[PDB]
>>> print(open('data-v4.txt').read())   # compact mmCIF, C-alpha atoms and all ligand atoms
# COMPACT_ATOMS: atom_id res chain seq x y z
CA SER A 40 0.00 0.00 0.00
CA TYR A 41 2.74 2.55 1.08
CA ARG A 42 6.07 3.05 -0.82
CA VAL A 43 9.46 2.73 0.96
CA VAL A 44 12.05 4.53 -1.23
CA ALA A 45 15.73 3.89 -0.24
CA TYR A 46 18.51 6.06 -1.76
CA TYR A 47 21.64 3.90 -2.37
CA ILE A 48 24.95 5.86 -2.93
CA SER A 49 27.41 4.53 -5.61
CA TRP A 50 30.40 5.66 -3.38
CA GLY A 51 29.04 3.16 -0.76
CA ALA A 52 31.27 0.61 -2.63
CA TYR A 53 34.53 2.39 -1.52
CA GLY A 54 35.45 3.20 2.12
CA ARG A 55 31.92 2.45 3.49
CA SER A 56 32.27 -1.09 1.90
CA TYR A 57 28.41 -1.34 1.67
CA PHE A 58 27.30 -2.81 -1.72
CA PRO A 59 23.81 -3.64 -3.16
CA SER A 60 24.38 -7.25 -1.89
CA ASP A 61 24.26 -5.75 1.68
CA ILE A 62 20.70 -4.25 1.20
CA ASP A 63 17.73 -6.00 2.98
CA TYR A 64 15.47 -5.84 -0.15
CA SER A 65 12.48 -7.11 1.98
CA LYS A 66 12.60 -3.73 3.82
CA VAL A 67 11.96 -1.49 0.70
CA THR A 68 9.80 -1.12 -2.47
CA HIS A 69 12.18 1.17 -4.45
CA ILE A 70 15.98 1.65 -4.69
CA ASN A 71 16.99 5.06 -6.20
CA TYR A 72 20.68 4.75 -7.30
CA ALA A 73 22.59 8.03 -6.53
CA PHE A 74 23.72 9.15 -9.06
CA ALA A 75 23.89 9.40 -12.85
CA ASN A 76 25.68 12.59 -14.01
CA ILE A 77 24.81 14.78 -17.06
CA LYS A 78 27.40 15.27 -19.88
CA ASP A 79 26.56 17.03 -23.25
CA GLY A 80 22.82 17.12 -22.34
CA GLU A 81 22.86 13.29 -21.91
CA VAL A 82 22.31 11.13 -18.76
CA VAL A 83 25.76 9.38 -18.36
CA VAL A 84 27.33 6.76 -15.95
CA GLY A 85 28.47 8.66 -12.80
CA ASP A 86 31.40 6.42 -11.77
CA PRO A 87 32.67 3.73 -14.18
CA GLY A 88 34.75 2.39 -11.20
CA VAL A 89 31.65 1.15 -9.25
CA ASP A 90 28.54 1.64 -11.55
CA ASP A 91 29.03 -0.43 -14.84
CA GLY A 92 32.68 -1.40 -14.08
CA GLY A 93 34.92 -2.41 -11.15
CA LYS A 94 32.72 -3.24 -8.09
CA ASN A 95 29.84 -3.53 -10.68
CA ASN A 96 26.96 -2.21 -8.47
CA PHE A 97 24.58 -2.37 -11.54
CA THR A 98 25.12 -6.16 -11.99
CA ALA A 99 24.43 -6.55 -8.24
CA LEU A 100 21.16 -4.50 -8.57
CA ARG A 101 19.99 -6.75 -11.50
CA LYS A 102 20.84 -9.92 -9.44
CA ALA A 103 18.60 -8.37 -6.70
CA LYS A 104 15.63 -7.78 -9.12
CA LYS A 105 15.78 -11.51 -10.15
CA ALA A 106 15.66 -12.45 -6.39
CA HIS A 107 12.83 -9.88 -5.67
CA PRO A 108 10.52 -9.52 -8.76
CA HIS A 109 8.35 -6.94 -6.85
CA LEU A 110 11.41 -4.60 -6.32
CA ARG A 111 11.78 -1.49 -8.59
CA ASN A 112 15.29 0.03 -9.03
CA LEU A 113 15.41 3.66 -10.45
CA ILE A 114 18.44 5.78 -11.64
CA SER A 115 18.65 9.16 -9.80
CA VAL A 116 19.87 11.74 -12.37
CA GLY A 117 21.69 14.70 -10.69
CA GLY A 118 22.05 15.36 -6.92
CA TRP A 119 23.53 18.40 -5.07
CA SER A 120 26.86 18.40 -7.02
CA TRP A 121 25.71 17.18 -10.55
CA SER A 122 22.62 19.43 -11.22
CA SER A 123 24.46 22.08 -13.38
CA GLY A 124 23.47 20.14 -16.59
CA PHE A 125 19.64 20.43 -16.03
CA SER A 126 19.04 24.09 -17.16
CA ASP A 127 20.43 23.38 -20.72
CA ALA A 128 18.73 19.93 -21.02
CA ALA A 129 15.32 21.51 -20.19
CA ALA A 130 15.38 24.73 -22.32
CA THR A 131 14.69 23.39 -25.92
CA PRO A 132 12.57 20.47 -27.28
CA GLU A 133 15.79 19.34 -29.17
CA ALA A 134 17.81 19.14 -25.88
CA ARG A 135 14.75 17.65 -24.04
CA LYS A 136 14.44 14.90 -26.75
CA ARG A 137 18.25 14.31 -26.51
CA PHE A 138 17.96 14.04 -22.65
CA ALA A 139 14.84 11.81 -22.46
CA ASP A 140 16.21 9.47 -25.21
CA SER A 141 19.58 9.21 -23.33
CA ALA A 142 17.60 8.42 -20.09
CA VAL A 143 15.59 5.65 -21.89
CA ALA A 144 18.91 4.37 -23.35
CA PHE A 145 20.52 4.45 -19.85
CA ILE A 146 17.73 2.40 -18.10
CA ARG A 147 17.49 -0.23 -20.94
CA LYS A 148 21.34 -0.66 -20.98
CA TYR A 149 21.75 -1.11 -17.15
CA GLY A 150 18.41 -2.91 -16.32
CA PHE A 151 16.70 -0.06 -14.39
CA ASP A 152 12.89 0.27 -13.96
CA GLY A 153 12.75 4.11 -14.32
CA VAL A 154 14.22 7.60 -13.68
CA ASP A 155 14.36 9.89 -10.55
CA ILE A 156 14.91 13.59 -11.53
CA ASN A 157 17.01 15.08 -8.68
CA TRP A 158 17.29 18.71 -9.97
CA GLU A 159 18.68 20.96 -7.13
CA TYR A 160 17.06 23.32 -7.91
CA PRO A 161 15.00 25.12 -10.63
CA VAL A 162 15.48 28.98 -10.87
CA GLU A 163 17.64 29.28 -7.68
CA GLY A 164 19.53 27.31 -4.97
CA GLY A 165 22.18 24.55 -5.10
CA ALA A 166 26.00 24.15 -5.26
CA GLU A 167 28.62 26.78 -6.33
CA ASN A 168 28.83 25.04 -9.81
CA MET A 169 25.00 25.09 -10.39
CA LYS A 170 23.31 26.81 -13.42
CA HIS A 171 19.85 28.51 -13.55
CA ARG A 172 17.60 30.57 -15.85
CA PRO A 173 14.11 31.87 -14.80
CA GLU A 174 12.41 29.72 -17.56
CA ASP A 175 13.41 26.64 -15.42
CA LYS A 176 9.98 27.29 -13.77
CA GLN A 177 8.17 26.13 -17.01
CA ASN A 178 11.12 24.07 -18.47
CA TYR A 179 10.91 21.70 -15.42
CA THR A 180 7.32 20.92 -16.59
CA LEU A 181 8.47 20.52 -20.24
CA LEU A 182 11.42 18.15 -19.39
CA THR A 183 9.11 16.04 -17.15
CA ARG A 184 6.73 15.72 -20.21
CA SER A 185 9.42 14.55 -22.74
CA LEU A 186 10.58 11.94 -20.16
CA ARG A 187 6.98 10.72 -19.44
CA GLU A 188 6.37 10.37 -23.26
CA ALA A 189 9.76 8.66 -24.02
CA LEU A 190 9.44 6.31 -20.97
CA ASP A 191 5.80 5.49 -21.98
CA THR A 192 6.67 4.80 -25.69
CA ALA A 193 9.83 2.74 -24.77
CA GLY A 194 7.72 1.00 -22.07
CA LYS A 195 5.18 -0.14 -24.69
CA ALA A 196 7.99 -1.38 -27.02
CA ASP A 197 9.69 -3.40 -24.19
CA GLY A 198 6.54 -4.90 -22.49
CA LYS A 199 7.47 -2.96 -19.35
CA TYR A 200 6.22 0.05 -17.30
CA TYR A 201 9.09 2.57 -16.59
CA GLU A 202 8.42 4.78 -13.46
CA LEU A 203 9.24 8.52 -13.46
CA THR A 204 9.85 10.25 -10.06
CA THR A 205 11.49 13.42 -8.65
CA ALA A 206 13.27 14.64 -5.46
CA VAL A 207 11.95 18.12 -4.40
CA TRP A 208 13.38 20.72 -1.87
CA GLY A 209 12.03 21.05 1.72
CA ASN A 210 12.19 24.85 1.16
CA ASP A 211 8.87 26.14 -0.34
CA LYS A 212 10.95 28.41 -2.64
CA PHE A 213 10.94 25.21 -4.80
CA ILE A 214 7.08 25.55 -5.13
CA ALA A 215 7.16 29.28 -6.12
CA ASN A 216 9.81 28.14 -8.78
CA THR A 217 7.90 25.15 -10.38
CA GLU A 218 4.33 24.11 -11.50
CA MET A 219 3.83 21.17 -9.06
CA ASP A 220 0.07 21.25 -9.90
CA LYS A 221 0.94 20.56 -13.60
CA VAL A 222 4.05 18.33 -13.19
CA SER A 223 2.39 16.10 -10.45
CA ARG A 224 0.24 14.48 -13.23
CA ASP A 225 3.41 13.10 -15.02
CA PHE A 226 5.30 11.67 -11.93
CA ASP A 227 4.43 8.21 -10.54
CA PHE A 228 5.37 9.76 -7.14
CA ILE A 229 7.27 12.71 -5.58
CA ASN A 230 10.20 12.34 -3.08
CA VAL A 231 9.88 15.37 -0.68
CA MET A 232 13.37 15.99 0.81
CA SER A 233 11.89 16.95 4.26
CA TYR A 234 15.40 17.30 5.80
CA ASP A 235 18.47 19.60 5.45
CA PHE A 236 16.32 22.30 7.20
CA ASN A 237 19.38 23.21 9.40
CA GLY A 238 23.10 22.32 8.89
CA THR A 239 26.69 23.56 9.41
CA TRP A 240 26.02 26.24 6.72
CA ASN A 241 24.61 27.91 9.93
CA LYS A 242 27.10 29.07 12.63
CA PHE A 243 24.36 28.21 15.24
CA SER A 244 22.88 24.72 15.94
CA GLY A 245 19.37 23.55 14.85
CA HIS A 246 17.27 20.46 13.85
CA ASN A 247 17.94 18.68 10.49
CA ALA A 248 14.20 17.65 10.24
CA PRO A 249 11.99 19.08 13.04
CA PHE A 250 8.39 17.74 12.76
CA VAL A 251 6.63 21.10 13.35
CA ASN A 252 7.67 24.76 13.77
CA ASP A 253 9.43 25.65 17.10
CA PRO A 254 8.85 29.45 17.59
CA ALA A 255 11.63 29.39 20.27
CA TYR A 256 13.97 28.89 17.21
CA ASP A 257 14.36 32.48 15.89
CA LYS A 258 18.03 32.58 14.61
CA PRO A 259 18.51 34.88 11.56
CA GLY A 260 16.90 33.95 8.17
CA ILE A 261 15.45 30.52 9.22
CA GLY A 262 11.79 30.30 8.00
CA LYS A 263 8.91 29.19 10.30
CA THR A 264 8.13 26.69 7.43
CA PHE A 265 11.57 24.89 7.71
CA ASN A 266 9.84 21.74 9.14
CA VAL A 267 8.26 18.42 7.96
CA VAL A 268 4.53 19.37 8.38
CA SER A 269 4.90 22.89 6.79
CA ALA A 270 6.63 21.33 3.65
CA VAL A 271 4.11 18.39 3.24
CA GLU A 272 1.21 20.96 3.65
CA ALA A 273 2.90 23.34 1.15
CA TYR A 274 3.14 20.42 -1.35
CA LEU A 275 -0.55 19.39 -0.83
CA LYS A 276 -1.66 23.04 -1.37
CA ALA A 277 0.69 23.46 -4.44
CA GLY A 278 -1.19 20.43 -5.95
CA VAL A 279 0.79 17.24 -5.17
CA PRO A 280 -1.87 14.53 -4.57
CA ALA A 281 -1.45 12.98 -1.04
CA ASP A 282 -1.01 9.42 -2.46
CA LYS A 283 2.00 10.61 -4.61
CA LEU A 284 3.67 12.60 -1.73
CA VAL A 285 6.56 10.48 -0.29
CA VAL A 286 8.03 11.91 2.99
CA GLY A 287 11.86 12.18 3.09
CA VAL A 288 13.78 11.12 6.26
CA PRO A 289 17.54 11.44 7.05
CA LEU A 290 19.62 8.39 8.24
CA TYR A 291 22.58 10.82 8.81
CA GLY A 292 23.04 13.53 11.53
CA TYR A 293 24.80 16.96 11.52
CA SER A 294 27.21 18.10 14.30
CA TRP A 295 28.73 21.45 15.40
CA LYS A 296 31.52 22.02 18.04
CA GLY A 297 31.91 24.71 20.76
CA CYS A 298 28.10 25.39 21.07
CA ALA A 299 27.36 27.69 24.08
CA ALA A 300 25.01 25.70 26.41
CA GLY A 301 22.69 28.69 27.16
CA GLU A 302 19.47 27.39 28.86
CA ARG A 303 18.77 24.70 26.20
CA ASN A 304 21.77 22.32 26.48
CA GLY A 305 23.22 23.67 23.20
CA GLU A 306 19.98 23.86 21.06
CA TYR A 307 19.80 27.02 18.80
CA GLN A 308 23.09 28.39 20.26
CA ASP A 309 26.15 29.96 18.55
CA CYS A 310 28.96 27.38 17.96
CA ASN A 311 32.59 27.15 16.75
CA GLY A 312 31.99 25.26 13.44
CA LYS A 313 31.80 21.53 12.51
CA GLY A 314 31.85 18.77 15.16
CA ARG A 315 32.96 15.13 14.84
CA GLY A 316 31.89 13.16 11.74
CA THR A 317 32.00 9.60 10.31
CA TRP A 318 33.28 10.03 6.70
CA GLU A 319 33.80 13.83 6.89
CA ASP A 320 33.59 16.48 9.68
CA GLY A 321 30.09 17.51 10.88
CA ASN A 322 28.24 14.63 9.05
CA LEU A 323 27.52 11.48 11.17
CA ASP A 324 26.03 8.09 10.11
CA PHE A 325 23.19 7.05 12.51
CA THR A 326 25.29 3.81 13.00
CA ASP A 327 28.08 6.07 14.43
CA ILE A 328 25.60 8.03 16.65
CA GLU A 329 23.93 4.75 17.84
CA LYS A 330 27.24 2.90 18.61
CA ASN A 331 29.52 5.77 19.80
CA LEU A 332 27.47 8.81 21.08
CA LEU A 333 23.79 8.03 21.88
CA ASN A 334 23.81 8.86 25.67
CA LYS A 335 27.52 7.71 25.64
CA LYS A 336 31.01 9.33 26.09
CA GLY A 337 29.78 12.71 27.46
CA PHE A 338 26.96 13.09 24.84
CA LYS A 339 23.47 13.17 26.46
CA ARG A 340 20.14 12.99 24.53
CA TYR A 341 17.52 15.79 24.87
CA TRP A 342 13.91 15.90 23.55
CA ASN A 343 12.16 19.08 22.28
CA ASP A 344 8.37 18.42 22.68
CA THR A 345 7.43 21.49 20.53
CA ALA A 346 9.46 20.41 17.40
CA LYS A 347 9.26 16.62 18.13
CA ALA A 348 13.07 16.35 17.63
CA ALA A 349 15.92 14.73 19.65
CA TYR A 350 19.52 16.05 19.92
CA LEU A 351 22.74 15.04 21.75
CA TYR A 352 24.89 17.59 23.64
CA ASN A 353 28.45 17.08 25.04
CA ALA A 354 28.79 19.86 27.70
CA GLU A 355 32.64 19.34 27.77
CA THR A 356 33.32 20.00 23.99
CA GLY A 357 29.99 21.85 23.48
CA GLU A 358 29.25 19.43 20.55
CA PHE A 359 25.56 19.36 19.35
CA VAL A 360 24.21 16.49 17.12
CA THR A 361 20.85 16.71 15.24
CA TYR A 362 19.78 13.15 14.19
CA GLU A 363 16.54 11.20 13.36
CA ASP A 364 15.48 9.55 16.69
CA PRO A 365 13.02 6.60 16.63
CA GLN A 366 10.61 8.69 18.83
CA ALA A 367 10.35 11.43 16.08
CA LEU A 368 10.33 8.92 13.12
CA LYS A 369 7.27 7.17 14.69
CA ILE A 370 5.34 10.54 14.83
CA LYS A 371 6.25 10.99 11.09
CA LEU A 372 5.00 7.42 10.23
CA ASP A 373 1.68 8.02 12.06
CA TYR A 374 1.44 11.36 10.08
CA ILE A 375 2.01 9.56 6.70
CA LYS A 376 -0.88 7.09 7.48
CA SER A 377 -3.27 9.83 8.82
CA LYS A 378 -2.74 12.23 5.84
CA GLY A 379 -3.00 9.35 3.27
CA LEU A 380 0.52 10.01 1.89
CA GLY A 381 2.61 7.99 -0.62
CA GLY A 382 5.02 6.44 1.94
CA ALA A 383 8.53 7.23 3.28
CA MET A 384 11.79 8.02 1.40
CA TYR A 385 15.26 8.16 3.05
CA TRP A 386 18.82 9.40 2.45
CA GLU A 387 20.70 7.12 2.58
CA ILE A 388 20.60 3.35 3.28
CA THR A 389 24.36 2.73 4.06
CA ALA A 390 24.11 5.18 7.05
CA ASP A 391 22.12 2.72 9.30
CA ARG A 392 24.00 -0.66 9.40
CA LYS A 393 21.94 -1.94 12.42
CA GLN A 394 18.70 -1.08 10.42
CA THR A 395 17.13 0.53 13.58
CA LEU A 396 15.38 3.29 11.55
CA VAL A 397 15.20 1.14 8.33
CA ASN A 398 13.30 -1.62 10.25
CA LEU A 399 10.93 0.87 12.00
CA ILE A 400 9.77 2.28 8.58
CA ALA A 401 9.46 -1.21 6.94
CA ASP A 402 7.55 -2.53 10.07
CA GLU A 403 5.11 0.47 9.97
CA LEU A 404 4.39 0.83 6.19
CA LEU A 405 4.73 -2.77 4.77
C1 LIG A 501 15.90 25.17 4.26
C2 LIG A 501 16.95 25.11 3.20
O1 LIG A 501 16.70 25.49 2.09
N1 LIG A 501 18.15 24.64 3.52
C3 LIG A 501 19.21 24.59 2.54
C4 LIG A 501 19.66 23.14 2.34
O2 LIG A 501 18.68 22.37 1.63
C5 LIG A 501 20.99 23.02 1.60
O3 LIG A 501 21.55 21.70 1.80
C6 LIG A 501 21.46 20.77 0.72
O4 LIG A 501 20.22 20.05 0.77
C7 LIG A 501 19.99 19.18 -0.35
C8 LIG A 501 18.55 18.67 -0.32
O5 LIG A 501 17.65 19.77 -0.54
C9 LIG A 501 21.03 18.06 -0.38
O6 LIG A 501 20.92 17.28 -1.57
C10 LIG A 501 22.44 18.65 -0.29
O7 LIG A 501 23.34 17.55 -0.07
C11 LIG A 501 22.60 19.73 0.80
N2 LIG A 501 23.90 20.40 0.77
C12 LIG A 501 24.89 20.18 1.65
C13 LIG A 501 26.12 21.06 1.50
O8 LIG A 501 24.83 19.33 2.51
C14 LIG A 501 21.96 24.04 2.17
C15 LIG A 501 23.26 24.02 1.41
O9 LIG A 501 24.09 25.02 2.00
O10 LIG A 501 21.42 25.38 2.17
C16 LIG A 501 20.33 25.48 3.08
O11 LIG A 501 19.91 26.84 3.27
>>> encode(input="data-v4.txt", output="structure tokens", more="lines below")
Ligand SMILES: CC(=O)N[C@@H]1[C@@H](O)[C@H](O[C@@H]2O[C@H](CO)[C@@H](O)[C@H](O)[C@H]2NC(C)=O)[C@@H](CO)O[C@H]1O
Amino acid sequence: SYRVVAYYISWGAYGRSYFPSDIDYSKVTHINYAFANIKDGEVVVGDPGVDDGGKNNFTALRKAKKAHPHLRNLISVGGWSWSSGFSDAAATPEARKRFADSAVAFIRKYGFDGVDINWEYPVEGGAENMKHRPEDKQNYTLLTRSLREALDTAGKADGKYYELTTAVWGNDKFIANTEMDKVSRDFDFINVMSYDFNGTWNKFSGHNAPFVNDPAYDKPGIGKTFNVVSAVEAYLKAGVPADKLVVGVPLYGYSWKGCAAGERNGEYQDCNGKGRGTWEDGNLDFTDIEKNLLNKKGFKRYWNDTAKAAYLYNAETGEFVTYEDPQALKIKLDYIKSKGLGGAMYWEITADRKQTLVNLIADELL
């Protein structure tokens, strides 16, 4: 009934040493492979060393399909760092044909069941390398159309339905910059990234995915709609049908160091930059939190009963971790069911080796 949409990261097959063979396929409905890049207006292999060569993640995904006929694997075109190719691809029917045809070619060659458009983001926002024009607002609708048509035609040729999905911003600027009411008709479902609301881009600490607005959080330029319920509600009002709205969830945490304690054990306080991380500073796998920090080694867990968010604080180093606690994830899973939504999505599956969050979502939606 409900979808469970796991992002798998290609670079999992390096240091992390977590491959598609390590996935518990019984615990999901979709795998979105992060990522395919864009080169010359064409969807291309992101990493020949682990995608279609070397560790051969694509082979391993096809082996998984055979074992689990019900499974659907999708290729996620773009991501934070590889979105700069979208503006061009979208802006002419010629370039849109070129793109959509390349995307059909990609999924037939590597045995994928469809495409996830991860464009970050139309009109404005994204990485230092990212490209925009204002016509992205309409062009996003146009590109979606070409893809829908090419996937539908190629689907009919191959005796196969090819899904089309997208990942959309938690910031409602995304909605003012697209036609979600138009483009919602062409997507099988929509992956709402209802996380990255607060991070080390801020000098002060906050929650990565608070459930509702905390008015006690008033640090400069953070919107009262930077929460999970505001974003879902903004996407229902913008025209995303409930049953197509998939709720994003993070399996990583963010950390700062040197956060003043104030009267909130570190919450919404000025800090001294990035805290400890797993694979890089200030970004923690839930596995790392669970095993090494969760009420351990000077880190204590606090609960905000306005936001419905947990955080750790180390009073000694003034380190503050925002992470997805089971207590908050359960409130989000009840919300999904009560609002009639499309299911849960999460970034990303290698970050929870014990499957503590992964099992709670599977057990609640499947
Ligand atoms: C509320 C808001 O708009 N926050 C912005 C963040 O979304 C953004 O972080 C980026 O979020 C993306 C999902 O929307 C991720 O794909 C991406 O990895 C992430 N970027 C980083 C560096 O982690 C940040 C970027 O600075 O800006 C916020 O204002």
>>> residues_around(input="data-v4.txt", residues="residue 357 in chain A", least_positions_apart="2", cutoff="8 Å", atoms="all atoms listed in the file", output="number ranges by chain")
A: 296-300, 305, 310, 352-355, 359
>>> write_last_selection(input="data-v4.txt", atoms="C-alpha atoms", output="PDB file, in the coordinates of the input")
ATOM      1  CA  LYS A 296      31.520  22.020  18.040  1.00  0.00           C
ATOM      2  CA  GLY A 297      31.910  24.710  20.760  1.00  0.00           C
ATOM      3  CA  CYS A 298      28.100  25.390  21.070  1.00  0.00           C
ATOM      4  CA  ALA A 299      27.360  27.690  24.080  1.00  0.00           C
ATOM      5  CA  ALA A 300      25.010  25.700  26.410  1.00  0.00           C
ATOM      6  CA  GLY A 305      23.220  23.670  23.200  1.00  0.00           C
ATOM      7  CA  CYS A 310      28.960  27.380  17.960  1.00  0.00           C
ATOM      8  CA  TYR A 352      24.890  17.590  23.640  1.00  0.00           C
ATOM      9  CA  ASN A 353      28.450  17.080  25.040  1.00  0.00           C
ATOM     10  CA  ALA A 354      28.790  19.860  27.700  1.00  0.00           C
ATOM     11  CA  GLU A 355      32.640  19.340  27.770  1.00  0.00           C
ATOM     12  CA  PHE A 359      25.560  19.360  19.350  1.00  0.00           C
TER      13      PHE A 359
END
>>> residues_around(input="data-v4.txt", residues="residue 341 in chain A", least_positions_apart="3", cutoff="7 Å", atoms="all atoms listed in the file", output="count of residues only")
3
>>> residues_near_point(input="data-v4.txt", point="(32.0, 2.8, -1.1)", cutoff="12 Å", atoms="only C-alpha atoms", output="list in words")
residues 47, 48, 49, 50, 51, 52, 53, 54, 55, 56, 57, 58, 59, 61, 86, 88, 89, 90, 93, 94, 95, 96, 318, 389 and 390 of chain A
>>> residues_around(input="data-v4.txt", residues="residue 259 in chain A", least_positions_apart="6", cutoff="12 Å", atoms="only C-alpha atoms", output="ChimeraX atom specification")
/A:237,241-245,307-309
>>> residues_near_point(input="data-v4.txt", point="(3.0, 8.9, -6.7)", cutoff="7 Å", atoms="only C-alpha atoms", output="PyMOL selection string")
chain A and resi 226-229+282-284+381
>>> residues_around(input="data-v4.txt", residues="residue 79 in chain A", least_positions_apart="3", cutoff="12 Å", atoms="only C-alpha atoms", output="list in words")
residues 76, 82, 83, 123, 124, 125, 126, 127, 128, 134, 135, 137, 138 and 141 of chain A
>>> residues_near_ligand(input="data-v4.txt", ligand="ligand LIG 501 (chain A)", cutoff="6 Å", atoms="only C-alpha atoms and all ligand atoms", output="list in words")
residues 118, 119, 208, 210, 232, 235, 236, 240 and 265 of chain A
>>> atom_distance(input="data-v4.txt", atom1="CA of residue 372 in chain A", atom2="CA of residue 386 in chain A")
16.0 Å
>>> residues_around(input="data-v4.txt", residues="range 273-280 of chain A", least_positions_apart="3", cutoff="7 Å", atoms="only C-alpha atoms", output="PyMOL selection string")
chain A and resi 211+214+219-220+223+269-270+283-284
>>> build_atoms(input="data-v4.txt", residues="range 257-272 of chain A", atoms="N, CA and C atoms", output="PDB file, in the coordinates of the input")
ATOM      1  N   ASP A 257      14.546  31.203  16.622  1.00  0.00           N
ATOM      2  CA  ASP A 257      14.360  32.480  15.890  1.00  0.00           C
ATOM      3  C   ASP A 257      15.705  33.024  15.397  1.00  0.00           C
ATOM      4  N   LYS A 258      16.694  32.160  15.129  1.00  0.00           N
ATOM      5  CA  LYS A 258      18.030  32.580  14.610  1.00  0.00           C
ATOM      6  C   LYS A 258      17.867  33.178  13.211  1.00  0.00           C
ATOM      7  N   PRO A 259      18.775  34.075  12.754  1.00  0.00           N
ATOM      8  CA  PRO A 259      18.510  34.880  11.560  1.00  0.00           C
ATOM      9  C   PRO A 259      18.268  34.088  10.263  1.00  0.00           C
ATOM     10  N   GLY A 260      17.179  34.409   9.550  1.00  0.00           N
ATOM     11  CA  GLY A 260      16.900  33.950   8.170  1.00  0.00           C
ATOM     12  C   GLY A 260      16.454  32.498   8.092  1.00  0.00           C
ATOM     13  N   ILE A 261      16.093  31.866   9.208  1.00  0.00           N
ATOM     14  CA  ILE A 261      15.450  30.520   9.220  1.00  0.00           C
ATOM     15  C   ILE A 261      13.924  30.677   9.230  1.00  0.00           C
ATOM     16  N   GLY A 262      13.253  30.192   8.187  1.00  0.00           N
ATOM     17  CA  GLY A 262      11.790  30.300   8.000  1.00  0.00           C
ATOM     18  C   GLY A 262      11.023  29.455   9.004  1.00  0.00           C
ATOM     19  N   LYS A 263       9.840  29.929   9.404  1.00  0.00           N
ATOM     20  CA  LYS A 263       8.910  29.190  10.300  1.00  0.00           C
ATOM     21  C   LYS A 263       8.291  28.001   9.553  1.00  0.00           C
ATOM     22  N   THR A 264       8.585  27.837   8.255  1.00  0.00           N
ATOM     23  CA  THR A 264       8.130  26.690   7.430  1.00  0.00           C
ATOM     24  C   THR A 264       9.267  25.707   7.153  1.00  0.00           C
ATOM     25  N   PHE A 265      10.417  25.829   7.825  1.00  0.00           N
ATOM     26  CA  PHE A 265      11.570  24.890   7.710  1.00  0.00           C
ATOM     27  C   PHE A 265      11.320  23.689   8.630  1.00  0.00           C
ATOM     28  N   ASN A 266      10.224  22.969   8.377  1.00  0.00           N
ATOM     29  CA  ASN A 266       9.840  21.740   9.140  1.00  0.00           C
ATOM     30  C   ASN A 266       9.056  20.762   8.262  1.00  0.00           C
ATOM     31  N   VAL A 267       8.777  19.550   8.770  1.00  0.00           N
ATOM     32  CA  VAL A 267       8.260  18.420   7.960  1.00  0.00           C
ATOM     33  C   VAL A 267       6.789  18.690   7.627  1.00  0.00           C
ATOM     34  N   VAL A 268       5.990  19.154   8.584  1.00  0.00           N
ATOM     35  CA  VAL A 268       4.530  19.370   8.380  1.00  0.00           C
ATOM     36  C   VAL A 268       4.300  20.605   7.471  1.00  0.00           C
ATOM     37  N   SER A 269       4.991  21.703   7.695  1.00  0.00           N
ATOM     38  CA  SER A 269       4.900  22.890   6.790  1.00  0.00           C
ATOM     39  C   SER A 269       5.129  22.466   5.322  1.00  0.00           C
ATOM     40  N   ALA A 270       6.260  21.804   5.009  1.00  0.00           N
ATOM     41  CA  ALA A 270       6.630  21.330   3.650  1.00  0.00           C
ATOM     42  C   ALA A 270       5.565  20.380   3.058  1.00  0.00           C
ATOM     43  N   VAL A 271       5.216  19.270   3.708  1.00  0.00           N
ATOM     44  CA  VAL A 271       4.110  18.390   3.240  1.00  0.00           C
ATOM     45  C   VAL A 271       2.865  19.227   2.897  1.00  0.00           C
ATOM     46  N   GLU A 272       2.406  20.078   3.825  1.00  0.00           N
ATOM     47  CA  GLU A 272       1.210  20.960   3.650  1.00  0.00           C
ATOM     48  C   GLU A 272       1.400  21.902   2.463  1.00  0.00           C
TER      49      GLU A 272
END
